[PDB]
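*Asks:* Contents of model03.pdb (PDB, C-alpha atoms and all ligand atoms) are below:
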ATOM      1  CA  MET A   1      99.140  91.677  81.832
ATOM      2  CA  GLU A   2      96.565  91.248  84.598
ATOM      3  CA  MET A   3      97.840  91.531  88.158
ATOM      4  CA  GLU A   4      97.237  88.179  89.902
ATOM      5  CA  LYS A   5      98.736  86.133  87.080
ATOM      6  CA  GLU A   6     101.600  88.511  86.441
ATOM      7  CA  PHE A   7     102.178  87.969  90.186
ATOM      8  CA  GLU A   8     102.438  84.170  89.973
ATOM      9  CA  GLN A   9     104.608  84.521  86.868
ATOM     10  CA  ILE A  10     107.129  86.663  88.780
ATOM     11  CA  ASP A  11     107.061  84.313  91.779
ATOM     12  CA  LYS A  12     107.642  81.204  89.641
ATOM     13  CA  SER A  13     110.415  82.944  87.687
ATOM     14  CA  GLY A  14     111.926  84.591  90.792
ATOM     15  CA  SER A  15     112.407  87.944  89.043
ATOM     16  CA  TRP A  16     111.170  90.463  91.671
ATOM     17  CA  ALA A  17     114.610  92.106  91.917
ATOM     18  CA  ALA A  18     114.752  92.618  88.141
ATOM     19  CA  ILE A  19     111.235  94.081  87.979
ATOM     20  CA  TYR A  20     112.048  96.438  90.856
ATOM     21  CA  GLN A  21     115.332  97.562  89.289
ATOM     22  CA  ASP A  22     113.484  98.415  86.051
ATOM     23  CA  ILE A  23     111.214 100.731  88.057
ATOM     24  CA  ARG A  24     114.251 102.382  89.662
ATOM     25  CA  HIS A  25     115.818 102.919  86.216
ATOM     26  CA  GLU A  26     112.677 104.476  84.672
ATOM     27  CA  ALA A  27     111.772 106.697  87.649
ATOM     28  CA  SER A  28     111.679 110.477  87.300
ATOM     29  CA  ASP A  29     114.588 112.699  88.315
ATOM     30  CA  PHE A  30     113.676 116.303  89.172
ATOM     31  CA  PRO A  31     115.653 118.943  91.109
ATOM     32  CA  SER A  32     115.552 119.192  94.930
ATOM     33  CA  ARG A  33     117.611 122.386  95.323
ATOM     34  CA  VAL A  34     115.770 123.842  98.336
ATOM     35  CA  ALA A  35     116.249 120.620 100.359
ATOM     36  CA  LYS A  36     120.013 120.781  99.843
ATOM     37  CA  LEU A  37     120.582 124.385 100.999
ATOM     38  CA  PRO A  38     122.958 124.463 104.008
ATOM     39  CA  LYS A  39     120.388 126.153 106.256
ATOM     40  CA  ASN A  40     118.110 123.093 105.903
ATOM     41  CA  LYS A  41     120.577 120.346 106.927
ATOM     42  CA  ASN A  42     118.979 119.765 110.327
ATOM     43  CA  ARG A  43     115.509 119.618 108.691
ATOM     44  CA  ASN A  44     116.331 116.383 106.796
ATOM     45  CA  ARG A  45     116.597 112.955 108.435
ATOM     46  CA  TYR A  46     118.403 111.229 105.536
ATOM     47  CA  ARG A  47     120.728 112.941 103.078
ATOM     48  CA  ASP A  48     119.510 110.780 100.157
ATOM     49  CA  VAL A  49     115.727 111.349 100.677
ATOM     50  CA  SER A  50     114.594 114.828  99.612
ATOM     51  CA  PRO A  51     111.362 116.414  98.241
ATOM     52  CA  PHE A  52     111.399 117.621  94.640
ATOM     53  CA  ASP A  53     111.114 121.407  94.301
ATOM     54  CA  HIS A  54     108.034 121.237  92.045
ATOM     55  CA  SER A  55     105.878 119.227  94.511
ATOM     56  CA  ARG A  56     107.246 120.169  97.953
ATOM     57  CA  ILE A  57     104.896 121.502 100.647
ATOM     58  CA  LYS A  58     105.696 125.102 101.603
ATOM     59  CA  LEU A  59     105.226 126.349 105.158
ATOM     60  CA  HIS A  60     103.408 129.721 105.377
ATOM     61  CA  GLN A  61     106.405 131.489 106.861
ATOM     62  CA  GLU A  62     108.715 134.112 105.378
ATOM     63  CA  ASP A  63     111.916 133.163 107.234
ATOM     64  CA  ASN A  64     112.209 129.530 106.120
ATOM     65  CA  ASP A  65     109.383 127.742 104.320
ATOM     66  CA  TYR A  66     111.093 124.323 104.091
ATOM     67  CA  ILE A  67     109.791 120.951 105.315
ATOM     68  CA  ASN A  68     110.719 117.482 103.988
ATOM     69  CA  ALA A  69     107.214 116.725 102.603
ATOM     70  CA  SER A  70     105.687 116.200  99.133
ATOM     71  CA  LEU A  71     102.186 116.494  97.591
ATOM     72  CA  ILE A  72     101.248 113.366  95.592
ATOM     73  CA  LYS A  73      98.221 114.368  93.409
ATOM     74  CA  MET A  74      96.528 111.440  91.597
ATOM     75  CA  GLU A  75      94.395 112.961  88.848
ATOM     76  CA  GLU A  76      92.354 109.982  87.598
ATOM     77  CA  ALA A  77      91.768 108.536  91.087
ATOM     78  CA  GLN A  78      90.868 111.995  92.491
ATOM     79  CA  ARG A  79      92.958 111.443  95.640
ATOM     80  CA  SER A  80      95.805 113.509  97.112
ATOM     81  CA  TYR A  81      98.347 112.552  99.812
ATOM     82  CA  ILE A  82     101.128 114.391 101.654
ATOM     83  CA  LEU A  83     104.120 112.074 102.216
ATOM     84  CA  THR A  84     106.677 113.202 104.816
ATOM     85  CA  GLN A  85     109.544 111.909 106.969
ATOM     86  CA  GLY A  86     109.099 111.137 110.633
ATOM     87  CA  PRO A  87     109.436 114.428 112.512
ATOM     88  CA  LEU A  88     112.848 115.352 113.998
ATOM     89  CA  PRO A  89     113.396 117.069 117.375
ATOM     90  CA  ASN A  90     113.773 120.406 115.554
ATOM     91  CA  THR A  91     110.819 119.906 113.142
ATOM     92  CA  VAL A  92     107.872 118.810 115.354
ATOM     93  CA  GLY A  93     106.518 122.375 115.321
ATOM     94  CA  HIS A  94     106.881 122.578 111.515
ATOM     95  CA  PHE A  95     105.023 119.235 111.182
ATOM     96  CA  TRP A  96     101.930 120.466 113.063
ATOM     97  CA  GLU A  97     102.110 123.841 111.255
ATOM     98  CA  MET A  98     101.784 121.888 107.970
ATOM     99  CA  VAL A  99      98.835 119.842 109.271
ATOM    100  CA  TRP A 100      97.092 123.106 110.242
ATOM    101  CA  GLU A 101      97.883 125.060 107.042
ATOM    102  CA  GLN A 102      96.929 122.205 104.663
ATOM    103  CA  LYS A 103      93.581 121.558 106.486
ATOM    104  CA  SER A 104      94.331 117.841 106.966
ATOM    105  CA  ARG A 105      91.924 115.733 109.035
ATOM    106  CA  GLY A 106      94.137 112.645 109.527
ATOM    107  CA  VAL A 107      97.760 111.646 110.196
ATOM    108  CA  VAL A 108      98.838 108.082 109.251
ATOM    109  CA  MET A 109     101.923 106.727 111.101
ATOM    110  CA  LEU A 110     103.419 103.407 109.922
ATOM    111  CA  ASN A 111     106.464 103.078 112.251
ATOM    112  CA  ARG A 112     107.194 102.827 115.971
ATOM    113  CA  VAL A 113     109.146 105.612 117.700
ATOM    114  CA  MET A 114     111.935 103.065 118.424
ATOM    115  CA  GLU A 115     112.750 100.211 116.004
ATOM    116  CA  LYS A 116     115.904  98.050 115.853
ATOM    117  CA  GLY A 117     117.056  99.764 119.087
ATOM    118  CA  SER A 118     117.299 103.254 117.471
ATOM    119  CA  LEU A 119     114.995 106.263 117.308
ATOM    120  CA  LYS A 120     113.003 106.436 114.042
ATOM    121  CA  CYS A 121     111.078 109.655 114.838
ATOM    122  CA  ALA A 122     110.419 112.097 117.674
ATOM    123  CA  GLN A 123     107.632 111.572 120.232
ATOM    124  CA  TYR A 124     105.538 114.256 118.551
ATOM    125  CA  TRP A 125     102.092 113.771 120.179
ATOM    126  CA  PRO A 126     101.022 113.726 123.860
ATOM    127  CA  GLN A 127     100.629 110.422 125.687
ATOM    128  CA  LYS A 128      98.402 111.636 128.575
ATOM    129  CA  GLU A 129      95.240 113.790 128.479
ATOM    130  CA  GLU A 130      96.445 116.089 131.279
ATOM    131  CA  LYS A 131      99.948 116.661 129.742
ATOM    132  CA  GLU A 132      99.385 118.724 126.589
ATOM    133  CA  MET A 133     102.158 119.916 124.240
ATOM    134  CA  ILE A 134     102.928 123.500 123.234
ATOM    135  CA  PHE A 135     105.070 124.220 120.151
ATOM    136  CA  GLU A 136     106.403 127.711 120.791
ATOM    137  CA  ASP A 137     108.169 128.203 117.455
ATOM    138  CA  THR A 138     104.865 127.817 115.512
ATOM    139  CA  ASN A 139     102.368 128.862 118.252
ATOM    140  CA  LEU A 140     100.268 125.670 118.383
ATOM    141  CA  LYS A 141      98.823 123.597 121.230
ATOM    142  CA  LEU A 142      98.113 119.862 120.945
ATOM    143  CA  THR A 143      95.969 117.825 123.402
ATOM    144  CA  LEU A 144      95.224 114.093 123.594
ATOM    145  CA  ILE A 145      91.394 113.671 123.731
ATOM    146  CA  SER A 146      90.995 109.850 123.556
ATOM    147  CA  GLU A 147      92.928 106.719 122.577
ATOM    148  CA  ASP A 148      91.664 103.324 121.328
ATOM    149  CA  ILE A 149      94.320 100.554 121.360
ATOM    150  CA  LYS A 150      93.652  97.515 119.165
ATOM    151  CA  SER A 151      95.773  94.483 118.370
ATOM    152  CA  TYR A 152      97.364  95.814 115.158
ATOM    153  CA  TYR A 153      96.829  99.580 115.369
ATOM    154  CA  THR A 154      95.845 102.448 117.667
ATOM    155  CA  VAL A 155      93.529 105.416 116.848
ATOM    156  CA  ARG A 156      93.829 108.686 118.765
ATOM    157  CA  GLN A 157      91.650 111.782 118.789
ATOM    158  CA  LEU A 158      93.734 114.964 119.101
ATOM    159  CA  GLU A 159      92.807 118.672 119.441
ATOM    160  CA  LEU A 160      95.018 121.136 117.590
ATOM    161  CA  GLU A 161      94.671 124.816 118.603
ATOM    162  CA  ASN A 162      96.109 127.756 116.701
ATOM    163  CA  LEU A 163      97.084 129.933 119.689
ATOM    164  CA  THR A 164      97.225 133.070 117.501
ATOM    165  CA  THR A 165      93.502 132.886 116.536
ATOM    166  CA  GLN A 166      92.136 130.510 119.242
ATOM    167  CA  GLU A 167      90.637 128.341 116.484
ATOM    168  CA  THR A 168      90.547 124.586 117.215
ATOM    169  CA  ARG A 169      90.317 121.442 115.068
ATOM    170  CA  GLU A 170      89.925 117.722 115.611
ATOM    171  CA  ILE A 171      92.763 115.578 114.129
ATOM    172  CA  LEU A 172      92.654 111.770 113.906
ATOM    173  CA  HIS A 173      95.954 109.852 114.454
ATOM    174  CA  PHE A 174      96.003 106.399 112.824
ATOM    175  CA  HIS A 175      99.018 104.407 114.086
ATOM    176  CA  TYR A 176      99.844 101.039 112.513
ATOM    177  CA  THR A 177     101.913  99.491 115.290
ATOM    178  CA  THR A 178     102.803  95.986 114.042
ATOM    179  CA  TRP A 179     104.963  96.343 110.878
ATOM    180  CA  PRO A 180     107.981  94.066 111.591
ATOM    181  CA  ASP A 181     111.432  95.509 112.326
ATOM    182  CA  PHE A 182     112.765  93.516 109.314
ATOM    183  CA  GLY A 183     110.990  92.639 106.065
ATOM    184  CA  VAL A 184     107.257  92.976 105.350
ATOM    185  CA  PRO A 185     104.133  91.357 106.924
ATOM    186  CA  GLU A 186     103.403  87.767 105.955
ATOM    187  CA  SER A 187      99.722  88.520 105.214
ATOM    188  CA  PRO A 188      98.260  91.867 104.035
ATOM    189  CA  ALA A 189      95.042  91.338 105.987
ATOM    190  CA  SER A 190      95.806  93.632 108.939
ATOM    191  CA  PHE A 191      97.279  96.370 106.695
ATOM    192  CA  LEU A 192      94.125  96.323 104.516
ATOM    193  CA  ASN A 193      91.867  96.396 107.586
ATOM    194  CA  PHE A 194      93.849  99.458 108.722
ATOM    195  CA  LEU A 195      93.494 101.171 105.299
ATOM    196  CA  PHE A 196      89.728 100.635 105.446
ATOM    197  CA  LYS A 197      89.575 102.191 108.945
ATOM    198  CA  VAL A 198      91.377 105.299 107.653
ATOM    199  CA  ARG A 199      88.932 105.471 104.714
ATOM    200  CA  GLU A 200      85.850 105.082 106.931
ATOM    201  CA  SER A 201      86.960 108.079 109.076
ATOM    202  CA  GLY A 202      86.689 110.643 106.216
ATOM    203  CA  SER A 203      90.408 111.447 106.379
ATOM    204  CA  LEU A 204      90.993 110.572 102.698
ATOM    205  CA  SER A 205      87.929 112.351 101.329
ATOM    206  CA  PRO A 206      87.734 115.560  99.236
ATOM    207  CA  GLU A 207      85.969 117.622 101.929
ATOM    208  CA  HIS A 208      89.295 117.725 103.814
ATOM    209  CA  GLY A 209      92.875 118.642 102.992
ATOM    210  CA  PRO A 210      95.230 115.789 102.046
ATOM    211  CA  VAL A 211      96.007 113.105 104.615
ATOM    212  CA  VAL A 212      99.565 113.326 106.043
ATOM    213  CA  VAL A 213     101.327 109.921 105.865
ATOM    214  CA  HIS A 214     104.758 109.084 107.289
ATOM    215  CA  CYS A 215     107.137 106.348 108.348
ATOM    216  CA  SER A 216     110.829 107.033 109.086
ATOM    217  CA  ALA A 217     111.934 108.315 105.616
ATOM    218  CA  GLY A 218     108.410 108.734 104.173
ATOM    219  CA  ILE A 219     108.992 106.623 101.036
ATOM    220  CA  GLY A 220     108.821 102.885 101.839
ATOM    221  CA  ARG A 221     105.905 101.818 104.046
ATOM    222  CA  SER A 222     104.336 105.213 103.218
ATOM    223  CA  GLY A 223     104.567 104.436  99.505
ATOM    224  CA  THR A 224     102.916 101.051 100.047
ATOM    225  CA  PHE A 225      99.912 102.709 101.758
ATOM    226  CA  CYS A 226      99.135 105.253  99.015
ATOM    227  CA  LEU A 227      99.924 102.850  96.154
ATOM    228  CA  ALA A 228      97.475 100.249  97.498
ATOM    229  CA  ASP A 229      94.763 102.849  98.189
ATOM    230  CA  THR A 230      94.970 104.437  94.698
ATOM    231  CA  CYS A 231      95.059 101.080  92.832
ATOM    232  CA  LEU A 232      91.954  99.816  94.655
ATOM    233  CA  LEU A 233      90.072 103.084  93.939
ATOM    234  CA  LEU A 234      90.925 102.848  90.211
ATOM    235  CA  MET A 235      89.642  99.249  90.103
ATOM    236  CA  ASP A 236      86.266 100.511  91.421
ATOM    237  CA  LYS A 237      86.055 103.472  89.017
ATOM    238  CA  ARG A 238      86.984 101.823  85.680
ATOM    239  CA  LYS A 239      84.850  99.657  83.389
ATOM    240  CA  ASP A 240      87.713  97.132  83.169
ATOM    241  CA  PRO A 241      89.437  96.630  86.556
ATOM    242  CA  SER A 242      92.068  94.314  85.026
ATOM    243  CA  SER A 243      93.429  97.358  83.165
ATOM    244  CA  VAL A 244      94.940  98.789  86.379
ATOM    245  CA  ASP A 245      98.752  98.501  86.091
ATOM    246  CA  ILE A 246     100.414  98.786  89.497
ATOM    247  CA  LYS A 247     103.878  99.464  88.017
ATOM    248  CA  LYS A 248     102.486 102.369  85.956
ATOM    249  CA  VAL A 249     100.671 103.825  89.003
ATOM    250  CA  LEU A 250     103.916 103.614  91.029
ATOM    251  CA  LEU A 251     105.887 105.394  88.313
ATOM    252  CA  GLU A 252     103.210 108.138  88.224
ATOM    253  CA  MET A 253     103.529 108.561  92.008
ATOM    254  CA  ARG A 254     107.347 108.758  91.690
ATOM    255  CA  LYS A 255     106.892 111.923  89.589
ATOM    256  CA  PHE A 256     105.969 113.599  92.931
ATOM    257  CA  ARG A 257     108.393 112.022  95.492
ATOM    258  CA  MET A 258     111.573 109.990  94.958
ATOM    259  CA  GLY A 259     112.126 106.434  96.104
ATOM    260  CA  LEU A 260     108.560 105.257  96.779
ATOM    261  CA  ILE A 261     108.739 101.504  97.567
ATOM    262  CA  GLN A 262     112.262 100.846  98.908
ATOM    263  CA  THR A 263     112.744  97.092  98.291
ATOM    264  CA  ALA A 264     111.569  94.308  95.987
ATOM    265  CA  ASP A 265     109.851  92.751  99.031
ATOM    266  CA  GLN A 266     107.808  95.936  99.512
ATOM    267  CA  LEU A 267     106.880  95.768  95.806
ATOM    268  CA  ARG A 268     105.697  92.160  96.124
ATOM    269  CA  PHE A 269     103.775  93.062  99.290
ATOM    270  CA  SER A 270     102.004  95.914  97.461
ATOM    271  CA  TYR A 271     100.845  93.489  94.725
ATOM    272  CA  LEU A 272      99.610  91.052  97.379
ATOM    273  CA  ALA A 273      97.666  93.781  99.173
ATOM    274  CA  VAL A 274      95.903  95.007  96.019
ATOM    275  CA  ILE A 275      95.080  91.455  94.901
ATOM    276  CA  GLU A 276      93.497  90.453  98.212
ATOM    277  CA  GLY A 277      91.828  93.788  98.659
ATOM    278  CA  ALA A 278      90.077  93.587  95.301
ATOM    279  CA  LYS A 279      88.253  90.422  96.436
ATOM    280  CA  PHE A 280      86.955  91.914  99.639
ATOM    281  CA  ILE A 281      85.680  95.052  97.942
ATOM    282  CA  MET A 282      83.076  92.982  96.101
TER     283      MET A 282
HETATM  284  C1  LIG B   1     107.243 120.967 125.998
HETATM  285  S1  LIG B   1     105.989 120.193 125.259
HETATM  286  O1  LIG B   1     105.989 118.898 125.674
HETATM  287  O2  LIG B   1     104.843 120.923 125.444
HETATM  288  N1  LIG B   1     106.323 120.326 123.700
HETATM  289  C2  LIG B   1     107.676 119.994 123.076
HETATM  290  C3  LIG B   1     107.639 119.580 121.519
HETATM  291  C4  LIG B   1     108.604 118.436 121.245
HETATM  292  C5  LIG B   1     108.145 117.146 121.287
HETATM  293  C6  LIG B   1     108.986 116.064 121.115
HETATM  294  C7  LIG B   1     110.333 116.280 120.897
HETATM  295  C8  LIG B   1     110.798 117.575 120.847
HETATM  296  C9  LIG B   1     109.933 118.647 121.031
HETATM  297  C1  LIG B   2      85.060 113.925 123.848
HETATM  298  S1  LIG B   2      85.181 115.582 123.666
HETATM  299  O1  LIG B   2      83.978 116.128 124.101
HETATM  300  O2  LIG B   2      86.299 116.051 124.253
HETATM  301  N1  LIG B   2      85.377 115.706 122.073
HETATM  302  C2  LIG B   2      85.112 116.921 121.344
HETATM  303  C3  LIG B   2      85.303 116.733 119.856
HETATM  304  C4  LIG B   2      86.690 116.962 119.422
HETATM  305  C5  LIG B   2      87.573 115.952 119.447
HETATM  306  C6  LIG B   2      88.864 116.142 119.082
HETATM  307  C7  LIG B   2      89.289 117.376 118.697
HETATM  308  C8  LIG B   2      88.400 118.399 118.704
HETATM  309  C9  LIG B   2      87.095 118.185 119.049
END
Mind turning this structure into structure tokens?
Ligand SMILES: CS(=O)(=O)NCCc1ccccc1
Ligand SMILES: CS(=O)(=O)NCCc1ccccc1

*Replies:*
Amino acid sequence: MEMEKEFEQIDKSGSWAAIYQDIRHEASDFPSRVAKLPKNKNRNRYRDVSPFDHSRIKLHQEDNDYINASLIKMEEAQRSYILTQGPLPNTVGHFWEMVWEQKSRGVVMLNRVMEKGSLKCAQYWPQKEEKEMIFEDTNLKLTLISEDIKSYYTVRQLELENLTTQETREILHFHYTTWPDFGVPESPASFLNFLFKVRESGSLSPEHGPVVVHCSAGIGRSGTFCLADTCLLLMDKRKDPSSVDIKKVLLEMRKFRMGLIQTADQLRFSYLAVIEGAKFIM
């Protein structure tokens, strides 16, 4: 079926939970043996969210190459994304090592450091120009260059230096700051505006490594971002845009990381975002 009328049909019939459970039943199951090794326990935030072995990002290190991160490679859309958990106190150096090694231009953050009165990720970037951060375990330096605070999101320019080679690179930090503590946003307008700002920066384009996108677990809000982006790109590329099937795209993405889209409300929100976005594109 088309999307917008399938949407009204699920709303009128109140069957979002049944649609979402079908997706959960049909989703891929692949091994995640490296994630579950005892030496990696303090490298995982949640025991039930792990990268599959076949798609995990490897750190270029011989001691321990493990990070909780996955490469989502969308062949028809010609887009790739790295989805990862919010960094932990003992993985902030690994996180920036990955950004460096994968040649990423942008980092997309969809959570606040504290939500619901608890810490959802480490404070992993510097807040003042004159107070830079040094990650001694991976030999990197990170400096805040500029910050632009808007009503729904903040963009930061960061300088990442590989202290071993003295090479430097500019990294863009795109921080969506207004996702509610509970539920999903009422309108997708600010989320779509944010997606378009990431696109306009070059951070999603083939002349760079894959964008790094995270929330707390790296599957819910993060899944919504890449699902909406890929569906909109396919609608622009194909002769028949009504042939794009959001459930099929989501199942394809779940071949590369488990659990993408965590609730039926997130699924409904993803439909809403793609529907509204397809009208603005033209
Ligand atoms: C000392 S520093 O500020 O230059 N770098 C420390 C990296 C780190 C950041 C946040 C939480 C844990 C560790
Ligand atoms: C404003 S500036 O002169 O300090 N900017 C230089 C460009 C640059 C930005 C961020 C990271 C690396 C390079």

*Asks:* Which of these, A:117, A:185, A:206, A:31, has the shortest distance to residue 266 of chain A once you count all atoms listed in the file?

*Replies:*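 Looking only at the distances to residue 266 of chain A, the closest residue turns out to be A:185.
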
*Asks:* List all protein, DNA and RNA residues that have at least one atom no more than 9 Å from any atom of ligand LIG 2 (chain B), counting all atoms listed in the file, and write them as a ChimeraX atom specification.

*Replies:* /A:143-146,156-161,168-172

*Asks:* What are the centre and edge lengths in Å, to one decimal, of the axis-aligned box around all listed atoms of ligand LIG 1 (chain B) with 6 Å added on each side, as AutoDock Vina command-line options?

*Replies:*
--center_x 107.8 --center_y 118.5 --center_z 123.4 --size_x 18.0 --size_y 16.9 --size_z 17.2

*Asks:* Write out as a list in words each polymer residue whose atoms come within 10 Å of residue 39 of chain A, counting all atoms listed in the file; drop sequence neighbours fewer than 5 positions from it.

*Replies:*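 Near neighbours after the sequence-gap exclusion: residues 34, 64 and 66 of chain A.
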
*Asks:* Give as a PyMOL selection string the residues surrounding ligand LIG 1 (chain B) up to a distance of 8 Å, considering all atoms listed in the file.

*Replies:* chain A and resi 88-90+92-93+122-126+131-136+141

*Asks:* Between A:228, A:82, A:107, A:37, which one has atoms that come closest to residue 202 of chain A, using all atoms listed in the file?

*Replies:*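 The closest residue to residue 202 of chain A is A:107.
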
*Asks:* So, with all atoms listed in the file as the atoms that count, which of A:195, A:272, A:278, A:110 lies closest to residue 221 of chain A?

*Replies:*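 Ranked by minimum distance to residue 221 of chain A, first place goes to A:110.
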
*Asks:* Suppose you want the space between atom CA of residue 21 of chain A and atom CA of residue 183 of chain A; what is it in Å?

*Replies:*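 So the two atoms, atom CA of residue 21 of chain A and atom CA of residue 183 of chain A, lie 18.0 Å apart.
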
*Asks:* How far is it from atom CA of residue 275 of chain A to atom CA of residue 149 of chain A, in Å with one decimal?

*Replies:* 28.0 Å

*Asks:* Show me, as a list in words, the residues that have an atom within 7 Å of residue 215 of chain A when counting only C-alpha atoms, minus same-chain residues fewer than 2 positions from it.

*Replies:*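 The residues satisfying every condition are residues 85, 86, 109, 110, 111, 217, 218, 221 and 222 of chain A.
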
*Asks:* For each of A:116, A:194, A:246, A:252, take the minimum atom-to-atom distance to residue 28 of chain A, counting only C-alpha atoms, then give the residue where this is smallest.

*Replies:*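 Selected residue with least distance to residue 28 of chain A: A:252.
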
*Asks:* Residues within 10 Å of (96.8, 86.4, 100.3), file coordinates, counting all atoms listed in the file: what are they? Give the list as a PyMOL selection string.

*Replies:* chain A and resi 186-189+269+271-277

*Asks:* Deliver the residues from the most recent selection as a file, using C-alpha atoms, as a PDB file, in the coordinates of the input.

*Replies:*
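part-v1.pdb written:
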ATOM      1  CA  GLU A 186     103.403  87.767 105.955  1.00  0.00           C
ATOM      2  CA  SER A 187      99.722  88.520 105.214  1.00  0.00           C
ATOM      3  CA  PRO A 188      98.260  91.867 104.035  1.00  0.00           C
ATOM      4  CA  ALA A 189      95.042  91.338 105.987  1.00  0.00           C
ATOM      5  CA  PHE A 269     103.775  93.062  99.290  1.00  0.00           C
ATOM      6  CA  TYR A 271     100.845  93.489  94.725  1.00  0.00           C
ATOM      7  CA  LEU A 272      99.610  91.052  97.379  1.00  0.00           C
ATOM      8  CA  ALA A 273      97.666  93.781  99.173  1.00  0.00           C
ATOM      9  CA  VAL A 274      95.903  95.007  96.019  1.00  0.00           C
ATOM     10  CA  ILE A 275      95.080  91.455  94.901  1.00  0.00           C
ATOM     11  CA  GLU A 276      93.497  90.453  98.212  1.00  0.00           C
ATOM     12  CA  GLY A 277      91.828  93.788  98.659  1.00  0.00           C
TER      13      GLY A 277
END

*Asks:* By how many Å are atom CA of residue 104 of chain A and atom CA of residue 129 of chain A apart?

*Replies:*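 Answer for the atom CA of residue 104 of chain A to atom CA of residue 129 of chain A separation: 21.9 Å.
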
*Asks:* Residues proximal to (91.6, 105.3, 101.7) were defined as those with any atom within 9 Å of that point in the file's coordinates, counting all atoms listed in the file. Which are they, as a list in words?

*Replies:* residues 79, 195, 196, 197, 198, 199, 200, 202, 203, 204, 205, 225, 226, 228, 229, 230, 232 and 233 of chain A

*Asks:* Quick one: of A:263, A:44, A:224, A:61, who's nearest to residue 250 of chain A, counting all atoms listed in the file?

*Replies:*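 Ranking A:263, A:44, A:224, A:61 by distance to residue 250 of chain A, first place goes to A:224.
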
*Asks:* What does the PyMOL selection byres (((chain A and resi 163) around 8) and not hetatm) select in this file, as a ChimeraX atom specification?

*Replies:* /A:139-141,161-162,164-167
